[PDB]
Amino acid sequence: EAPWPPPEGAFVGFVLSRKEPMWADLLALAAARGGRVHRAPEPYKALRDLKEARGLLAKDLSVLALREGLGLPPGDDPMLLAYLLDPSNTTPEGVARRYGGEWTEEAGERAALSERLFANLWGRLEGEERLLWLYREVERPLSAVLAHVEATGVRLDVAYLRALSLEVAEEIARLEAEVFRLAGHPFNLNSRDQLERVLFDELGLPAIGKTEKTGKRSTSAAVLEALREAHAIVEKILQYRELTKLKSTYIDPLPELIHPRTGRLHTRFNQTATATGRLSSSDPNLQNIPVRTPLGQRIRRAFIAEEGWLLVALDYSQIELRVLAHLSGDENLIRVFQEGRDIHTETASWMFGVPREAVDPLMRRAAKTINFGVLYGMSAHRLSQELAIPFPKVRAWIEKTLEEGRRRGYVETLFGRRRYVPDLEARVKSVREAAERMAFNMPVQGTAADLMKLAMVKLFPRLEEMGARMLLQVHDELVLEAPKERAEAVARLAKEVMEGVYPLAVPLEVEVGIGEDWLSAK
DNA sequence: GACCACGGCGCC
DNA sequence: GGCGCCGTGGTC
Ligand SMILES: Nc1nc(O)c([C@H]2C[C@H](O)[C@@H](COP(=O)(O)OP(=O)(O)OP(=O)(O)O)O2)cc1N(O)O
Ligand SMILES: [Mg+2]
Ligand SMILES: [Mg+2]
């Protein structure tokens, strides 16, 4: 136990008042390096002395430092080491629980824990050349990028959504008071259980499905879809569900999350939260903003650009199909993208009996579910009742992947990111085949996730040069903010960085759009 | 108050 | 296939 400050290169531990770094109060700050722990008398002032956030959850402390106008980049983070060893290492509780430590709530102990866990995990990673490359060239630099992204935030049209809330509210009351009419009485329409009784016991409607854990009669949209004119109350419920979902999740909560000092909405990009290597967004999740329905697009317009700036949206086209062509090597699927063909449009045109010309974007979005559904083990049964109906060596790669997965316990992406799928030899078929679907999907979704992470690493410092910002990542999409006078060049540059991030056997192409709001930018 | 399981559902 | 957040119903 030594006096503050710590020497250069120590591991940091910190305690927040809450999980969100942009809203957190730094309750404590400590450091550790070689037999001693440096606890800070005043955590906020002690931030100015660190050159780097090195330790567990490094990005979170860096985001809080950017909130205070401090350039404190995140460095080594044992969480990132463990996540690359096994993507089920998602929390500091589990990592310490598994590699020799205990995740307490004292800054000093967290600094010493970060020191012990780094030495241990870094030891496990010796000889893992491809995972060390993913750590040095992707994940660790990415944590720095995501640090500035989270601290930047996005502009939100608050007064607009407040006005939209009143309009959506009264349209809800209409659908409700109606549902109560056909029901003959009032009840909590939000109550999943009360609805079941009204539908299947009082109205005697046929129960088409059962819930997973409690065996109750389901009221999901898919079930009600088959009842939407066996009775009229069903159609109103679906429209009621859609409205309350968007109002309670987006319209009302988001306006209340504008940050005092920045005046913008801030999310968190979790780097060790998925089994495939994707990022996740939380508090709030900005990777699930509505876009499907008209009302959803109304909400999407609330995401606007700063005055004098324009949003730039970039999105890889048919990304996982292009990745699939490279992973399998299918000459056909490879040649498909060499002719500039679009599978989502070709599938969407059989679905709706419409030529490729008049294929709207709502029926091609439906083709993605079909194409990617069919691709990853979709049963012939479920395909029937949603689109309303009664590539040779892809399979070769699937089996090669599953066989190798069974032999070594893990599948891997193009760059070597691993996911462990132990149930590939389970004796219960359903458990085995579910694991199989998880298994051969990971290399396709993870490679696409790798390319995107790697693109962000290469693009971000270029954006700093041009005075542009990186606002959001949506799996295979980037939302940037650039000054109006530079938006066009920024769009052309980012388009170029993303398409040539890591050449594949098929060209990567990116659709790009510019607009004052998120909807006009796509 | 907190946390939880569940059904349900928004997006990729 | 991969996520996170919703209200409800529930416990502590
Ligand atoms: N149901 C889905 N299932 C998936 O697995 C994806 C994965 C695979 C896909 O390539 C990737 C990015 O999604 P998207 O950008 O929306 O789809 P794509 O990149 O292939 O086609 P794009 O219109 O941009 O040319 O997420 C998406 C959907 N959407 O329903 O969406
Ligand atoms: Mg795409
Ligand atoms: Mg996309």
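To find a chain, count down the sequence lines: A is the first, B the second, and so on, and within it residues start at 1.
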* **salt bridge (charged side-chain N to carboxylate O under 4.0 Å, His left out) partner of A/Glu412, chosen from A/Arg130, A/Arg417, A/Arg419** => A/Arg130
* Main-chain N/O of A/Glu225 paired with A/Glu235 side-chain donor or acceptor, under 3.5 Å -> no
* **NZ/NE/NH1/NH2 to OD/OE distance under 4.0 Å, A/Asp86 and A/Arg418** => no
* To do: May I have all residue pairs that pass ring-ring contact (aromatic ring centres under 6.0 Å, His included) and include part of residues 259-318 of chain A, sequence neighbours excluded?
  => A/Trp23-A/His259, A/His259-A/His266, A/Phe303-A/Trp518
* Ion pair A/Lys236/A/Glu178, N-O distance below 4.0 Å -> no
* A/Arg155 side chain to A/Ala305 main-chain N or O, any donor-acceptor pair under 3.5 Å? -> yes
* In terms of side-chain heavy atoms, does A/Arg241 have a donor or acceptor partner in A/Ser220 at a distance below 3.5 Å? -> no
* Asked: Taking only residues two or more places apart in sequence, or in another chain, which ones meet A/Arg364 in a salt bridge (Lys or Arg N to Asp or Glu O under 4.0 Å)?
  -> A/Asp342
* Do any N or O atoms from the side chain of A/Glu139 and from the backbone of A/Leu84 form a donor-acceptor pair under 3.5 angstrom? -> no
* To do: Indicate yes or no: does A/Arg469 engage A/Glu306 in a salt bridge with an N to O separation below 4.0 Å.
  => no
* Residue pair A/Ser165 / A/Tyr250, side-chain donor-acceptor N/O under 3.5 Å -> no
* To do: Taking only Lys NZ, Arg NE, NH1 and NH2, and the carboxylate oxygens of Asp or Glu, determine whether A/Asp517 and A/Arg300 approach each other closer than 4.0 Å.
  => no
* Between the main-chain N or O of A/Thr274 and the side-chain N or O of A/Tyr83, is there a donor-acceptor pair closer than 3.5 Å? -> yes
* Asked: Where the side chain of A/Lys453 meets the backbone of A/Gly277, is there a donor-acceptor pair that is under 3.5 Å apart?
  -> yes
* Asked: Quick check: does any side chain N or O of A/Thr447 sit under 3.5 Å from a backbone N or O of A/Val444, one acting as donor and the other as acceptor?
  -> no
* Do A/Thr267 and A/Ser281 get their side chains close enough for a donor-acceptor pair, meaning under 3.5 Å? -> yes
* With sequence neighbours left out, write down each residue that passes side-chain contact (heavy atoms from CB on, under 4.5 Å) with A/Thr90, or none if nothing qualifies. => none
* Sequence neighbours left out, what passes side-chain contact (heavy atoms from CB on, under 4.5 Å) with A/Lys484? Give chain and number order. => A/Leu310, A/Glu516
* For A/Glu485, look at atom CD and say whether over 12 heavy atoms of other residues, nucleotides or ligands are found less than 6.0 Å away. => no
* Is it true that A/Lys216 and A/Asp193 have a side-chain N and a carboxylate O under 4.0 angstrom from each other? -> yes
* For A/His326, ring-ring contact (aromatic ring centres under 6.0 Å, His included) partners two or more places apart -> none
* Quick one: do A/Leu471 and A/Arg264 satisfy side chain to side chain contact (heavy atoms under 4.5 Å, CB included)? Show the steps, please. => CA-CA 11 Å; A/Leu471 303 186; A/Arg264 297 163 75 100; 3.8 Å; yes
* Would A/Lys400 and A/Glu403 pass as an ion pair if we require N to O under 4.0 Å? -> no
* For A/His185, side-chain contact (heavy atoms from CB on, under 4.5 Å) partners two or more places apart -> A/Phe187, A/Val198, A/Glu202
* Using only heavy-atom distances, determine whether the side chains of A/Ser282 and A/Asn270 contain a donor-acceptor pair under 3.5 Å. => yes
* **Neighbour count >12 (heavy atoms, 6.0 Å) for atom CD, A/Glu465** => yes
* Is it true that a side-chain atom of A/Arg278 and a backbone atom of A/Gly446 form a donor plus acceptor pair closer than 3.5 Å? -> no
* **Shortest non-hydrogen separation from A/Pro87 to A/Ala275 and the atoms involved** => CG-O, 3.5 Å
* side-chain contact (heavy atoms from CB on, under 4.5 Å) partners of A/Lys213, counting only residues at least two apart -> none
* Do the non-hydrogen side-chain atoms of A/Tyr502 and A/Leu508 ever get within less than 4.5 Å of each other? -> no
* For the pair A/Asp201 and A/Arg217, find out whether any cationic side-chain nitrogen is under 4.0 Å from an anionic carboxylate oxygen. => yes
* To do: Return each pair, listed once, that meets salt bridge (charged side-chain N to carboxylate O under 4.0 Å, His left out) where at least one residue sits in residues 374-397 of chain A; pairs must be two or more places apart or across chains.
  => none
* Asked: Side chain of A/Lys458, backbone of A/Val501: donor and acceptor closer than 3.5 Å?
  -> yes
Donor-acceptor list for residues 488-497 of chain A side chains, cut-off 3.5 Å, not counting sequence neighbours:
unit_1   : atom_1 : unit_2   : atom_2 : d
A/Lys495 : NZ     : A/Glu499 : OE2    : 2.6
A/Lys495 : NZ     : A/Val510 : O      : 3.4

* State whether A/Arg268 and A/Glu20 are salt-bridged, where the test is any N-O pair (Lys NZ or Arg NE/NH1/NH2 against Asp/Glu carboxylate O) under 4.0 Å. => no
* To do: Check whether more than 12 heavy atoms from other residues, nucleotides or ligands sit under 6.0 Å from atom CH2 of A/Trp350, and answer yes or no.
  => no
* **Exercise: identify the closest heavy-atom pair between A/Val138 and A/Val457** => O-CG2, 3.7 Å
* A/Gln473 side chain to A/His475 backbone, donor-acceptor under 3.5 Å -> yes
Quiz: residues 353-360 of chain A side-chain donor-acceptor pairs under 3.5 angstrom, not counting sequence neighbours:
none

* **salt bridge (charged side-chain N to carboxylate O under 4.0 Å, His left out) partners of residues 430-443 of chain A, not counting sequence neighbours, each pair once** => none
* Asked: Distance only, no hydrogens: is a donor on one side chain within 3.5 Å (strictly under) of an acceptor on the other, for A/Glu242 and A/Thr293?
  -> yes
* **Backbone N/O of A/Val291 and side chain of A/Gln297: donor-acceptor pair under 3.5 Å** => yes
* Asked: Any luck finding a side-chain donor-acceptor pair between A/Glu320 and A/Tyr376 under 3.5 Å?
  -> yes
* Asked: Taking atom types as modelled and ignoring hydrogens, do the side chains of A/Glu196 and A/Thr219 form a donor-acceptor contact shorter than 3.5 angstrom?
  -> no
* Sequence-distant partners of A/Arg322, salt bridge (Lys or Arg N to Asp or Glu O under 4.0 Å), two or more places apart -> A/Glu509
